[PDB]
Structure formats: C-alpha cells, structure tokens
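These notes are about the structure you will find just below.
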Amino acid sequence: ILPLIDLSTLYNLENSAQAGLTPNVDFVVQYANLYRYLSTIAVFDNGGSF
Amino acid sequence: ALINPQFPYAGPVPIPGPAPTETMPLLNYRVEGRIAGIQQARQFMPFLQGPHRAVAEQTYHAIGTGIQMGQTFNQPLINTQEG
C-alpha cells in the first residue's frame, strides 16, 4: 500500500551562482518553469565582503 | 448661368480661336516583355509552419521494483470478554 504522488515528486534543495551586477541596476535571477519554489536564499558575495 | 440683355454673353467662343498645335498624338506602344530567370524550388527561413509550445505540461517516465519483506511485532493476547 503506497502513496504514489509523494514518491513521484521530488523535494530538492539546489544552489547556483550568478554574476554581472552593476550599481543601481536591477540584477534579475530568473526562476525556471516546472519547479514549485518554496524558498529562495540569495547570498551577496560582494567580492569577498559580506 | 446668367445672361443679361442688352449685354449678352457671346453666343459661343467663335472662329477667331488660335489652334496652337497638331500634337495630339499618342503613339501606341508596341512591346515584348520577358521575365525568365531560372527559378530554384526553395527559400530559406528561420521558421515556417511551427506552432511553438507556450508551456508544456509536465511529462514523466515510470519504474517500480522490489520485493515484499517485513519485520513485525504483535499485540499480546488478552482475556476475551463475552460470547
């Protein structure tokens, strides 16, 4: 007796890196389709300064 | 139009008119026109005829496998009430 939706869904955490930031300009990181994003974390590694 | 008597409007533009020219003739055009360059059957495009997907559905493959195996613990025996 098994639940099938639970086991055919994947709950994953993944990371990525993006560059190309410029002062006072919107830096946009696009979300992909198909995924239902529950949370987002963004770390601003400002050239080694946090 | 008003005509006023006694100054009447001449009864015509009369015969004193100056025929200025005999240039009245349009010479008929006679011509043979041929547009015959070899045609090649094909044109290139980026895309013709496609009805591109605006969103796809989610799609998948399937697998299962295994066996029926188990470790079990049972409730103890109890005094039977009635019956």
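If you read the sequences in order, they're chains A and B. The first sequence: position 21 = 21 (this note's numbering), numbered continuously. Residues are numbered in this note's numbering as their position in the second sequence, beginning at 1, plus a constant of 100. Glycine included, every Cβ here is placed at the ideal spot set by N, Cα and C.
Sub-9 Å separation of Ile115 (chain B) and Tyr109 (chain B) beta-carbons: No, these two residues do not count as a Cβ contact at 9 Å.
To the nearest angstrom, how far is the alpha carbon of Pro112 (chain B) from that of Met124 (chain B)? Rounded to the nearest angstrom, the two C-alpha atoms are 24 Å apart.
For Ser49 (chain A), list the residues DSSP reports as bridge partners. Beta-bridge pairing links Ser49 (chain A) to A:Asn46.
Limits of the unbroken alpha helix (DSSP H) element including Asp26 (chain A): In the DSSP assignment, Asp26 (chain A) falls outside any alpha helix (DSSP H), carrying neither H nor E.
State the DSSP-derived secondary structure class of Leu4 (chain A), mapped to helix, strand or coil. The answer is helix: DSSP assigns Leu4 (chain A) an H, G or I state.
Can the beta-carbon of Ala154 (chain B) be found less than 9 Å from the beta-carbon of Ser8 (chain A)? Against a cut-off of 9 Å, the Cβ pair of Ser8 (chain A) and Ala154 (chain B) comes out as no contact.
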